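Asks: Quick one: this structure, given as structure tokens, is what I'll be asking you about.
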Amino acid sequence: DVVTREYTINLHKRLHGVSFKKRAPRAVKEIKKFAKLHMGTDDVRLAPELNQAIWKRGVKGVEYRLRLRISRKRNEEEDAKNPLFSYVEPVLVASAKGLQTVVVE
Amino acid sequence: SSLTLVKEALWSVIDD
Amino acid sequence: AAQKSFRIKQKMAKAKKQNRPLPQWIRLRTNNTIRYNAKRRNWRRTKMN
Amino acid sequence: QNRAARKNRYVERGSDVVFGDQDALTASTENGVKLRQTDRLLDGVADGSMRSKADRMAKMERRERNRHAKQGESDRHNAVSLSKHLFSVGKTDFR
Amino acid sequence: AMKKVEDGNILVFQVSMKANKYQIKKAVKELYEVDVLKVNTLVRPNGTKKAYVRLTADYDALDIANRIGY
Amino acid sequence: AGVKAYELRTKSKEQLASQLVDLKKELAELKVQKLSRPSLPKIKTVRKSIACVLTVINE
Amino acid sequence: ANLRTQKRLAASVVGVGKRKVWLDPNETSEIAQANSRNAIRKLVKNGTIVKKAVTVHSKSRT
Amino acid sequence: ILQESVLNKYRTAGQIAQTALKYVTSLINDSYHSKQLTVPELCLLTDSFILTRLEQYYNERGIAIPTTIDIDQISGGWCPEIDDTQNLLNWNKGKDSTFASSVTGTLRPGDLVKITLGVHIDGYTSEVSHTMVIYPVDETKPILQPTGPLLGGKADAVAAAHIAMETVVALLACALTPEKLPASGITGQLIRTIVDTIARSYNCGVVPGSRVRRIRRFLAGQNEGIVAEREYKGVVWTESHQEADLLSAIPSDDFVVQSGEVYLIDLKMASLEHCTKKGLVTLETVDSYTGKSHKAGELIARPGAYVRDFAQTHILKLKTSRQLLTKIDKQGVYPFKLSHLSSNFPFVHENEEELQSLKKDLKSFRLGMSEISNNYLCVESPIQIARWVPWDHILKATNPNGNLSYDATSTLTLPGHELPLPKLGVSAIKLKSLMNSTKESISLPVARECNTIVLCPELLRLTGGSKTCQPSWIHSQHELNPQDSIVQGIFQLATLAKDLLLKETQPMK
RNA sequence: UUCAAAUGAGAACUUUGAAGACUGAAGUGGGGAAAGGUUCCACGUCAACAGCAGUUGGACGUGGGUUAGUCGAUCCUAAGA
């Protein structure tokens with residue numbers, strides 16, 4: 001249930017034909033969609049570092065491929081819905097080309 | 001009417 | 001402005017001392033008809049010339 | 001690190017043991033005023049029961065003005081019944 | 001005002017609109033038995049007159065503040 | 001409460017002036033309390049006693 | 001909380017604009033306790049508020 | 001827990017209080033009874049003495065209670081400074097002869113002087129007090145033991161104080177042994193019963209502030225009216241208990257005293273030789289406002305002791321205030337004066353120039369305390385006078401809202417949300433109104449006795465003793481009704497104490 | 001425009017931080033005249049208003065604040081009255 005995995009995401013085909021002043025927020029929403037698909041939890045917490053990685057080349061220059069670490073976790077809160085939540089971090093690597101998804105200890 | 005009864009008893013005790 | 005005359009400043013001071021709501025111990029009075037201040041003023045709503 | 005950590009920990013003064021758990025000495029006044037600040041609304045009224053009485057009465061009388069959507073007790077913009085200019089080839093008075 | 005006491009050895013009074021610096025000096029010297037260095041006056045937005053009164057270094061404003069009561 | 005005009009009418013001029021000065025001092029002493037407490041009713045009595053004394057003097 | 005007054009006062013004290021001055025988000029209650037320029041100076045020296053050195057404008061190309 | 005470290009600290013805190021009590025009782029006899037010092041001059045000298053003694057022995061250590069000298073009406077709080085002596089005169093200049101002793105500082109004959117003080121070391125504290133009495137001198141006698149015993153209601157009061165003190169001492173001594181008690185094991189029920197019947201025998205009612213309670217480190221009951229606590233086992237006698245006794249938190253049932261514990265006794269008896277009738281015994285505060293009323297019986301004063309609520313914080317604009325707050329919070333949670341916080345206060349040598357140095361420091365400290373008090377950081381420990389109200393006014397009263405009247409502009413909150421008598425639905429505000437609303441404004445004289453004890457097998461009485469609080473010999477009446485259960489038990493207790501073991505700490509020379 | 005945290009019953013709109021942009025010295029800057037008149041600042045604070053929202057506000061309630069021999073008026077005269 002509690003698991004961490006590396007993934008890579010193709011943002012090019014997800015942002016194909018999107019307004020320049022909407023491309024990066026759409027990348028945020030699509031990353032949340034990606035995490036919800038793979039893990040199956042609605043609450044998704046990005047890191048400000050991942051936000052920086054998306055917004056580095058501005059609204060209309062987001063990278064075509066990104067390398068993510070999705071870590072599912074418990075909610076230690078008093079009581080909440082979504083007893084689990086996903087937490088997405090960036091992986092800063094040479095280039096995200098040529099990789100596949102692997103589980104992490 | 002509890003205040004009535006307690007004031008009645010209190011009058012009773014203070015008058016004697 | 002900022003180089004007012006004392007007449008204007010005196011009128012302004014009267015207006016400041018008037019710019020209040022109504023006290024609460026007037027609600028509690030025998031035969032009280034007054035429930036609010038109908039001559040209340042605000043710099044943006046009405047100008048006092 | 002251990003030198004610093006052994007200097008770090010505390011002795012637990014008596015101020016803590018008394019007033020850590022406790023709070024609300026000289027509780028919240030209403031208008032957030034100090035001990036000597038001259039609150040006009042509530043100087044005359046001494047007791048809280050009649051203070052609440054007055055507040056409830058003000059909230060009761062505020063309603064018909066709040067229904068007419070005034071910005072306060074000072075918005076008395078009075079609208080006319082009819083405007084002359086709205087009723088009226090050559091020069092016209094509007095575009 | 002309370003800070004101005006220890007700051008500059010200064011008292012702060014509300015005085016009459018009809019008054020002036022000479023009368024304020026004379027009145028403080030008569031009532032509280034002190035020499036005054038200077039007086040500075042303003043008219044408040046609420047219509048009264050405020051007076052800052054700087055005393056000489058011989059006399060201390062703390063004593064007068066304790067003598068009055070505040 | 002306060003002073004009595006029939007009592008003051010017997011007094012002399014200097015006694016009256018001294019009483020006036022004392023009343024003024026008392027009123028000033030009350031006006032430093034009035035800024036800390038809102039309600040202070042003695043000020044009414046002394047403030048009217050001053051007027052009574054002045055009336056007697058002018059008489 | 002609301003550290004608007006504190007940011008304003010820290011700018012006015014350090015002698016820069018609000019765009020520079022920096023409030024560590026961890027010492028929020030310690031900053032919110034402050035309502036005076038002396039306290040803001042204490043927080044400036046202890047390392048709770050810093051200065052954010054200048055955004056550069058290089059002239060190598062020129 | 002009662003370790004050797006704890007109990008010897010209690011001992012050396014107690015006997016400092018004992019020798020300071022001897023010092024004051026020294027000085028007063030030097031001044032008045034012998035062939036003349038004022039109250040505030042006694043007080044700071046006593047505190048100087050206590051700190052000069054404390055320095056020799058021993059980190060948190062000092063004066064729990066600043067030395068309070070009540071006179072003839074005041075239940076507690078009177079302990080003024082040297083700042084305030086002319087202020088007291090020119091405030092009370094128009095009032096009448098009553099409170100002349102407290103106003104001027106010179107004590108009169110027949111003046112019932114209740115001294116009280118306390119000292120603490122690392123939170124382990126010891127309080128004490130003694131009601132002594134002035135009585136004029138013998139001049140034709142060679143030794144001049146002063147003439148006349150006391151006779152009236154004050155004598156009643158002193159008698160009830162001493163007898164209640166010894167009886168509760170003996171009760172808490174039998175707490176060790178589940179035997180050596182007349183069945184006529186120990187409870188606040190029994191304690192309140194025996195002290196109430198003593199008070200009723202001597203016709204001197206119990207004051208609301210009096211209590212008997214447990215103590216722990218830093219938690220004595222020094223304040224008892226301002227600061228709150230959940231864990232408080234002990235007994236009190238307030239207006240609620242008065243009305244309940246007329247009818248028929250501080251729980252009294254689930255309370256049986258145990259071994260290895262430290263307790264405070266503090267008994268206050270208000271005498272009734274007049275009053276004519278059944279009536280209530282409550283407290284009224286003393287303010288510095290001449291202008292709230294016209295009547296001459298009122299006292300006008302300023303309390304000297306403060307206490308600071310370490311839960312709150314607020315940056316001051318004023319350098320003097322911030323420095324004074326440093327000086328305060330480097331002291332402890334116990335009440336304090338402005339004279340205690342200073343440079344020359346212990347008076348290693350004593351002259352007029354050092355007193356002048358202290359006066360100047362005080363002139364600055366009052367400015368600091370102005371801002372420290374306008375913000376709710378420190379508060380005053382109030383000056384309370386005992387005042388009598390007959391039940392007639394209360395029962396004929398009209399309270400249009402009961403159980404809902406706050407007082408709303410009382411600053412402490414805890415004396416505001418009191419509800420002294422829940423039955424009849426009257427609060428402290430309307431009770432004050434009724435107390436003022438009558439020409440039967442009868443103020444009572446009060447006598448006070450305070451001790452500290454600890455239960456190990458013996459009762460180690462860290463205060464009191466015969467050197468300390470030997471009573472001024474008097475001539476009272478209503479001397480203890482025989483022919484009841486409880487009186488048989490009390491006399492058996494007094495006889496049986498002579499064998500139970502009561503250890504008592506002596507003063508230091 | 002975005003991300004996290006804090007606050008809070010509740011956060012697209014509040015606060016801090018982390019990013020991305022904009023005004024681009026004939027400014028979305030810093031000051032003033034006329035006019036306005038307390039709108040300035042603080043503490044509480046959400047019934048009505050801010051064409052969505054609102055824990056926020058130029059709102060609501062309570063206070064604080066404008067210190068001159070040297071800056072100005074005051075004085076001089078201009079067209080004129």
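Following the order of the structure tokens, first chain is A, next is B, and so on, with residues numbered from 1 inside each chain and ligands from 1 in the order they appear.
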If we count only C-alpha atoms (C1' of nucleotides) and set the cut-off at 8 Å, which residues sit around segment 496-503 of chain H, ignoring sequence neighbours fewer than 3 positions away in its own chain? Please answer as an NGL selection string.
Replies: :H and (170 or 173-174 or 180 or 457-461 or 492-493)
Asks: Which of segment 92-171 of chain H counts as alpha helix (DSSP H) under DSSP, as a VMD selection string please?
Replies: chain H and resid 100 to 104 153 to 171
Asks: I need the chosen residues saved as a short mmCIF file (atom, residue, chain, number, x, y, z; two decimals), in the first residue's frame, with N, CA and C atoms.
Replies:
data_model
loop_
_atom_site.label_atom_id
_atom_site.label_comp_id
_atom_site.auth_asym_id
_atom_site.auth_seq_id
_atom_site.Cartn_x
_atom_site.Cartn_y
_atom_site.Cartn_z
N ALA H 100 -7.89 55.48 60.10
CA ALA H 100 -6.81 56.42 60.38
C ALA H 100 -5.48 55.70 60.55
N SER H 101 -5.50 54.53 61.19
CA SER H 101 -4.28 53.76 61.38
C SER H 101 -3.64 53.41 60.04
N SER H 102 -4.41 52.77 59.15
CA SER H 102 -3.85 52.38 57.86
C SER H 102 -3.50 53.60 57.02
N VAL H 103 -4.23 54.70 57.18
CA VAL H 103 -3.97 55.88 56.36
C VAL H 103 -2.67 56.55 56.77
N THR H 104 -2.44 56.70 58.08
CA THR H 104 -1.30 57.49 58.55
C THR H 104 -0.05 56.64 58.74
N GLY H 153 -15.55 42.31 70.72
CA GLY H 153 -15.67 41.31 69.67
C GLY H 153 -14.32 40.92 69.09
N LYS H 154 -13.38 41.87 69.09
CA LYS H 154 -12.02 41.57 68.65
C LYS H 154 -11.40 40.47 69.49
N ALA H 155 -11.71 40.45 70.79
CA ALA H 155 -11.23 39.39 71.67
C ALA H 155 -11.77 38.03 71.24
N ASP H 156 -13.08 37.96 70.96
CA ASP H 156 -13.77 36.84 70.34
C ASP H 156 -13.01 36.32 69.13
N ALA H 157 -12.65 37.29 68.29
CA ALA H 157 -12.01 36.97 67.02
C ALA H 157 -10.66 36.32 67.25
N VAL H 158 -9.84 36.91 68.12
CA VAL H 158 -8.53 36.35 68.43
C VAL H 158 -8.67 34.96 69.04
N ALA H 159 -9.64 34.79 69.94
CA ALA H 159 -9.85 33.51 70.60
C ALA H 159 -10.23 32.43 69.59
N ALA H 160 -11.20 32.73 68.73
CA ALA H 160 -11.59 31.80 67.68
C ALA H 160 -10.43 31.46 66.77
N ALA H 161 -9.61 32.46 66.42
CA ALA H 161 -8.45 32.21 65.57
C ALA H 161 -7.51 31.20 66.21
N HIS H 162 -7.09 31.46 67.45
CA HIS H 162 -6.13 30.57 68.11
C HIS H 162 -6.70 29.18 68.30
N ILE H 163 -7.96 29.09 68.74
CA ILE H 163 -8.54 27.79 69.05
C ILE H 163 -8.73 26.97 67.78
N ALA H 164 -9.23 27.60 66.71
CA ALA H 164 -9.35 26.92 65.43
C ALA H 164 -7.99 26.45 64.94
N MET H 165 -6.96 27.30 65.10
CA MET H 165 -5.61 26.93 64.69
C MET H 165 -5.14 25.66 65.39
N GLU H 166 -5.23 25.63 66.71
CA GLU H 166 -4.73 24.47 67.44
C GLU H 166 -5.56 23.23 67.14
N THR H 167 -6.87 23.39 66.99
CA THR H 167 -7.72 22.23 66.72
C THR H 167 -7.42 21.62 65.36
N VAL H 168 -7.25 22.46 64.33
CA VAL H 168 -6.97 21.90 63.01
C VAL H 168 -5.56 21.31 62.97
N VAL H 169 -4.61 21.91 63.69
CA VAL H 169 -3.28 21.31 63.83
C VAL H 169 -3.41 19.90 64.39
N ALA H 170 -4.16 19.75 65.48
CA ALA H 170 -4.32 18.43 66.08
C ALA H 170 -5.05 17.45 65.15
N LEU H 171 -6.06 17.91 64.42
CA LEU H 171 -6.76 17.04 63.47
C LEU H 171 -5.80 16.51 62.41
#
Asks: Fewer than 6 positions away in the same chain doesn't count, so skip those; otherwise give me all residues within 10 Å of residue 470 of chain H, counting only C-alpha atoms (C1' of nucleotides), as a compact mmCIF listing (two decimals) with C-alpha atoms, in the first residue's frame.
Replies:
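part_8.txt was written with the following content:
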# COMPACT_ATOMS: atom_id res chain seq x y z
CA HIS H 130 -0.39 36.28 63.42
CA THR H 131 -3.11 38.56 64.72
CA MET H 132 -1.53 40.67 67.46
CA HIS H 162 -6.13 30.57 68.11
CA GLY H 464 3.64 28.92 64.52
Asks: Calculate how many Å separate atom CA of residue 179 of chain H from atom CA of residue 259 of chain H, rounding to one decimal.
Replies: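 Going from atom CA of residue 179 of chain H over to atom CA of residue 259 of chain H, I get 14.1 Å.
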Asks: Within 6 Å of chain D, which residues of chain I show up when using only C-alpha atoms (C1' of nucleotides), listed as a ChimeraX atom specification?
Replies: /I:43-44,48-49,62
Asks: Could you write out the selected residues, including N, CA and C atoms (P, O5', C5', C4', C3', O3' and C1' of nucleotides), as a PDB file, in the first residue's frame?
Replies:
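To be explicit, this is the file written out as again_20.pdb:
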ATOM      1  P     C I  43      -2.287  45.171  14.945  1.00  0.00           P
ATOM      2  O5'   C I  43      -3.452  45.183  16.026  1.00  0.00           O
ATOM      3  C5'   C I  43      -3.146  45.187  17.412  1.00  0.00           C
ATOM      4  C4'   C I  43      -4.390  45.256  18.260  1.00  0.00           C
ATOM      5  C3'   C I  43      -5.462  44.235  17.931  1.00  0.00           C
ATOM      6  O3'   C I  43      -5.187  42.966  18.495  1.00  0.00           O
ATOM      7  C1'   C I  43      -6.452  46.368  18.169  1.00  0.00           C
ATOM      8  P     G I  44      -5.921  41.649  17.944  1.00  0.00           P
ATOM      9  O5'   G I  44      -7.296  41.633  18.744  1.00  0.00           O
ATOM     10  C5'   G I  44      -8.412  40.906  18.261  1.00  0.00           C
ATOM     11  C4'   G I  44      -9.692  41.660  18.500  1.00  0.00           C
ATOM     12  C3'   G I  44     -10.894  41.190  17.702  1.00  0.00           C
ATOM     13  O3'   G I  44     -11.525  40.063  18.279  1.00  0.00           O
ATOM     14  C1'   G I  44     -10.742  43.552  17.612  1.00  0.00           C
ATOM     15  P     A I  48     -24.472  39.411   4.916  1.00  0.00           P
ATOM     16  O5'   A I  48     -24.704  40.905   4.427  1.00  0.00           O
ATOM     17  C5'   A I  48     -26.020  41.413   4.284  1.00  0.00           C
ATOM     18  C4'   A I  48     -26.024  42.910   4.117  1.00  0.00           C
ATOM     19  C3'   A I  48     -25.134  43.454   3.015  1.00  0.00           C
ATOM     20  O3'   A I  48     -25.722  43.360   1.732  1.00  0.00           O
ATOM     21  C1'   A I  48     -24.787  44.702   4.986  1.00  0.00           C
ATOM     22  P     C I  49     -24.846  42.851   0.489  1.00  0.00           P
ATOM     23  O5'   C I  49     -23.761  43.998   0.295  1.00  0.00           O
ATOM     24  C5'   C I  49     -24.155  45.312  -0.067  1.00  0.00           C
ATOM     25  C4'   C I  49     -22.966  46.202  -0.320  1.00  0.00           C
ATOM     26  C3'   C I  49     -21.885  45.626  -1.218  1.00  0.00           C
ATOM     27  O3'   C I  49     -22.185  45.773  -2.595  1.00  0.00           O
ATOM     28  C1'   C I  49     -20.896  46.581   0.709  1.00  0.00           C
ATOM     29  P     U I  62     -17.767  53.061  18.022  1.00  0.00           P
ATOM     30  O5'   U I  62     -16.394  52.671  18.728  1.00  0.00           O
ATOM     31  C5'   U I  62     -16.389  52.132  20.039  1.00  0.00           C
ATOM     32  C4'   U I  62     -14.992  51.908  20.559  1.00  0.00           C
ATOM     33  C3'   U I  62     -14.064  53.106  20.547  1.00  0.00           C
ATOM     34  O3'   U I  62     -14.313  54.036  21.587  1.00  0.00           O
ATOM     35  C1'   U I  62     -12.911  51.217  19.738  1.00  0.00           C
TER      36        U I  62
END
